[PDB]
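Shown below, as C-alpha cells, is a lone chain in the form deposited without this ligand; questions about how it binds or moves come after it.
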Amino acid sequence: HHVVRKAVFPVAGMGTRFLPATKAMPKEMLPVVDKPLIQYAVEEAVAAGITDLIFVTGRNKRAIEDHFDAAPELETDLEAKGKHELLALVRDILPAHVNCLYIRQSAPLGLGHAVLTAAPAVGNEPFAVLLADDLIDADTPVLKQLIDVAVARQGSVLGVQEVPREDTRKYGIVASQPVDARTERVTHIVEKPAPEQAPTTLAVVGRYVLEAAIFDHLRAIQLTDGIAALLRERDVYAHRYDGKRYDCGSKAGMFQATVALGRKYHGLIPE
C-alpha cells in the first residue's frame, strides 16, 4: 500500500530573470513578503504528511541549509529579548517529526536530473516532488490532494491546472481521459504544444507524486521523457487540484504573488 513520506525539492534555480538578487542565493530562497518560496512548499509538504525532506542544491547551497538547519546564535539573541512568537517563527519552521537532507546536483541539467539525483535518499518508495517557484495557496494542501489520489488509484500523479488554449506553448500539457471529475488517466505528455495542436488544456504544474520506478526511466534525460516512459509500464494520473497557483518563475508572476499574498496574509494594499 502507498505511503508517501519523502519529498524532493529542487532548489538550485539560477533565476536569471531575477539577477542580480539570485547571485548569492538560489531562486527558491527569494521571499514572498517574509517567507522564502521554498518554505511555502515545505510547509505544504509537511501539512500533507511528508516527514523526510530531500533538498537538491546547487550554487549557494548554504542559503538553503542555513535556512532549514537550527540557528542557535539567533535563538539566543531572540530569547534574551523574550520574543516567544518570534522564537516559534524560527525554531518551529519544521516540526520535530521532520528531517532534512541535502544532495548537490552535479550540474544544472534540468528537473529530470534533479529528481534522479535524489534516488539514493528515496530508495524504493513513492515520493513527492515540489517546485517552489509554483507557489500554491490552497484551502487543503495540494500535495495532499495528489497523495490521496495516488494512494487510491495506485499510480503516479501529476498536478495539473486548466490553462487558456492560447497559452499552451508555455507548459507541458497532458493527453488524458477523465476517470472522475478532477482525476484523469495520462496517455501522453507534450512539451509546449502549439495551441491548436495541444491535446488538452491541462498544464503540468510543479507538484508530482511519483513511483520509484521513475528512476530507472531517468537513467535510460528530461522529466517529461521519464514520465512518458513510465506510462508504458505503470499507471500515471493527472489531478486538477483545488487551489490558486502563482507562477513565480517570472518577475511578473512573483510580483502578483507578493501583491495577492501580501493582501491576504499581511493586510498590505498598493498605493
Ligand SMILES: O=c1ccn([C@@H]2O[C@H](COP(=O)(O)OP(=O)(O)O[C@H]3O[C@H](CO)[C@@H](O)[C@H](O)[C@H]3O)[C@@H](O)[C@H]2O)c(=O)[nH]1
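All residue numbers refer to positions in the sequence shown, first residue = 1. In this text, rigid core is short for the largest set of C-alphas that superpose within 1.5 Å between two forms.
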After superposing on the rigid core, which of 206 to 214 and 65 to 73 has its C-alpha atoms sitting farther from this form in 4 other deposited structures of this protein? 65 to 73
So, in 4 other deposited structures of this protein, taking the root mean square over structures and residues of the Cα distances after a rigid core fit: is 244 to 252 or 11 to 19 the more displaced stretch? 11 to 19
Comparing mean C-alpha B factor in the record for 79 to 87 and 192 to 200, the higher one is 79 to 87
Comparing mean C-alpha B factor in the record for 119 to 127 and 88 to 96, the higher one is 88 to 96
Comparing C-alpha B-factors across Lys35, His67, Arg207, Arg232 in this entry, the winner is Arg232
CA B-factor placement of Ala138, once the chain's modelled residues are sorted into thirds: middle
Would the CA B-factor of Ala7 place it in the lowest, middle or highest third of its chain? lowest
Entry-reported Cα temperature factor of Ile227, expressed as the chain third it lands in: middle
Which third, lowest, middle or highest, does the C-alpha temperature factor of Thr187 belong to within its own chain? middle
In terms of the CA temperature factor given in the entry, to which third of its chain does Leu74 belong: lowest, middle or highest? highest
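Keep in mind that the form deposited with this ligand bound is not shown, yet the notes after this line are about it.
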Answer yes or no: in the entry with it bound, does this ligand come within 4.5 Å of a heavy atom in every one of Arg165, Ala252 and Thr258? no
Of these, 178 to 186, 120 to 128, 102 to 110, 138 to 146, which stretch puts a heavy atom within 4.5 angstroms of this ligand in the entry with it bound? 102 to 110
Identify which of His67, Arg59, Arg245, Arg240 has a heavy atom within 4.5 Å of this ligand in the entry with it bound; exactly one of them does. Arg245
In the entry with it bound, does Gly172 have a heavy atom within 4.5 Å of this ligand? yes
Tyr40, heavy atom within 4.5 angstroms of this ligand in the entry with it bound: no
I'd like to check something about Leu230: if you look in the entry with it bound, is any of its heavy atoms closer than or equal to 4.5 Å to a heavy atom of this ligand? no
Contact flag, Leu218 vs this ligand in the entry with it bound, heavy atom cut 4.5 Å: no
Contact set, 27 to 42 vs this ligand in the entry with it bound - heavy atom within 4.5 angstroms: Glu28
